[PDB]
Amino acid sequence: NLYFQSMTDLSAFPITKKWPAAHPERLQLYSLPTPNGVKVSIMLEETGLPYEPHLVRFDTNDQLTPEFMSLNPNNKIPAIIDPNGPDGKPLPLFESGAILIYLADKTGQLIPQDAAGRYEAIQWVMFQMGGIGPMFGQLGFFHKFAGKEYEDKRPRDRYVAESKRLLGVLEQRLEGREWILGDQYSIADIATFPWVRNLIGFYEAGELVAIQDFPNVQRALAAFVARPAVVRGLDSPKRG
């Protein structure tokens, strides 16, 4: 490398031993099409940023490998390495909500550019990250995944009540608004609607929460799922 640049080398990141980069000039996404993974693929599809997706398979415990954990020591998807990071260096990152803020800043898309609006966006991303995701996820556990040994439905009922409470927050926020921040679709929507979708789809919790009681949520969710970039992001990484 005396006279010119090498092709992008990501070998400093041990995760690349397990999922080699065919396109090391592109952001590398290590994910699975779950509500948290699709936040990031949807963001990438919306913004048009090139990326190389890699399927992290739970059936083979891929997320528990040293290779995966070298990128995310929390053992969870999604995670990224952007080869074209700040200060001209690769940037590893995990936590879906952090990735959304990073990506919005990188190219100045899908976050308000005024300061107050930016902090409001971060607030609603935090609401999702600390409320929607954790609590809808616990309902999914107790309704869908928990076996017959959990005979007591009190934990389920706790998370039904909390999920309804959170849906009510969203419902009131969306009154008179197209999207969570008003007219402009943003990372707050990308963080939140995949979880509403999962709750009432995959988790089969739509009857428990009575989704029809939240007409603004139903409006915005229907709009969200129909966006072509959302449809693309929901199917990435490809399972086959």
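All residue numbers are counted from 1 along the displayed sequence.
- For the pair 61-69 and 187-195, the record assigns the higher mean C-alpha temperature factor to 61-69.
- Taking only CA atoms, the mean B-factor in the PDB entry is higher for 141-149 than for the other of 141-149 and 90-98.
- Note on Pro78, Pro134, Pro112, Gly168: the highest value goes to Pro112, judged by CA B factor as recorded.
- If you compare the C-alpha temperature factors of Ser41, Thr47, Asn36, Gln28 in the entry, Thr47 comes out highest.
- Per the deposited record, the Cα B-factor of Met129 falls in the lowest third when ranked against the other modelled residues of its chain.
- Compared with the other modelled residues of the chain, the Cα B-factor recorded for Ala223 ranks in the middle third.
- Among the modelled residues of its chain, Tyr203 has a C-alpha B-factor that falls in the highest third, as given in the PDB entry.
- When the modelled residues of the chain are ordered by C-alpha B-factor, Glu162 sits in the lowest third.
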